[PDB]
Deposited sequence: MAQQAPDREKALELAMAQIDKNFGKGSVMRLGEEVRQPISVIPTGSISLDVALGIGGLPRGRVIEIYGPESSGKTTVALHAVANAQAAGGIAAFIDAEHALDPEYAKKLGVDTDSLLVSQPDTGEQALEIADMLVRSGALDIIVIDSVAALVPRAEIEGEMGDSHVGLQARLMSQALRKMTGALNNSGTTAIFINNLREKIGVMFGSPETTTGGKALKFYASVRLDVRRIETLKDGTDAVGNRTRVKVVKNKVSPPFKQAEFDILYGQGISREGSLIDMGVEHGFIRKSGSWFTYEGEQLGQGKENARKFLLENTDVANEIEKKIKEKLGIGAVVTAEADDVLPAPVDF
């Protein structure tokens, strides 16, 4: 009477219908569910998410040490969203955002809504009011940790002191999620690891995607300062097989390196052969060293476009 796979599929189907698609899935699976996404500005990361970017209408948590590249990504995500004609909001509670650099990542600052809350309550509340106006494509919150409760902001008392910030973050997400789904706005919470910074206790559970951003390199070329290589681990993904990983370069002053990406993905996917210490494409000399090659590609814009083309086809081409 027993046939495992037939009895497993039936189980899984039931699992998914009781708790929503993505509740459980084979790791080696491949999802042709396109959803809707905001390209992360990182091709590797985009592929890593399995859907080409951050799904829309969901809670995304981007946690990681300072300087690791979290807000850069978040900023790119905002820029992409805006070019698709979407409206963006930035609930700033850190007062660290540098609009100039943001413009450089392609963000249209002037049309970017910014709000600098007085309390954690107000901040989440402002975000919630915006998000249920349905006019927003993406809303990023700086600093999960800067969401400190009012009672705490206003010299409270060492008594009746509580785990108040986490609860604040839970009640807030409880109602902001539904709204987020109806509206379709993607909400990116930036969580600096310095619970997951107190409020990330719930974030962990409410997020459909959670990125673990980490700094792994110092982008040196050969011997001087240009930027840093980042590594993102998709620790949680309710819309595609999780645990994938992506790497990419962020230069000082310049957002995620396109050419850099192309060179990397290009190589691992064959299209660009890498005789040790010399990069070459379709018989053309690219240069010695990731930078010379990066340069080559940035300059000969024609090449690196047929590459971007070739890599794009082999992975995620237009669907359904």
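Within the chain's deposited sequence, the coordinate-free stretches run 1-4, 199-208, 335-349 in sequence order.
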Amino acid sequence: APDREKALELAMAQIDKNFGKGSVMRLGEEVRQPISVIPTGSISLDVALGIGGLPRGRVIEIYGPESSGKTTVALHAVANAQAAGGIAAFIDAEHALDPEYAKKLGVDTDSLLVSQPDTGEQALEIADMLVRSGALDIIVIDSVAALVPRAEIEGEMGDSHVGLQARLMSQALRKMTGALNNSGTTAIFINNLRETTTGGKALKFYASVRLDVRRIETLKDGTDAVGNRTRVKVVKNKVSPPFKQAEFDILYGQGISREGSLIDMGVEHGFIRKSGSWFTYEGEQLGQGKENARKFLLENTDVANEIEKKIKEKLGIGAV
From here on, numbers count along this sequence of modelled residues.
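Across the two stretches, 21-29 and 302-310, the PDB entry reports the greater mean Cα temperature factor for 302-310.
Here the stretch with the larger average CA B-factor, out of 31-39 and 52-60, is 31-39.
In this entry, the residue among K204, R132, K220, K238 with the greatest C-alpha B factor is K220.
Residue-level inspection of the entry shows that, of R210, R229, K175, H76, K175 has the top Cα B-factor.
In the deposited entry, the Cα temperature factor of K233 sits in the bottom third of values across the chain's modelled residues. Ranked by Cα temperature factor within the chain, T109 sits in the middle third according to the deposited record. Placement of the Cα temperature factor of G200 within the chain: highest third of the modelled residues, per the deposited record.
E154 sits in the highest third of its chain by CA B factor, as recorded in the PDB entry. When all modelled residues of the chain are sorted by CA temperature factor, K295 is found within the highest third.
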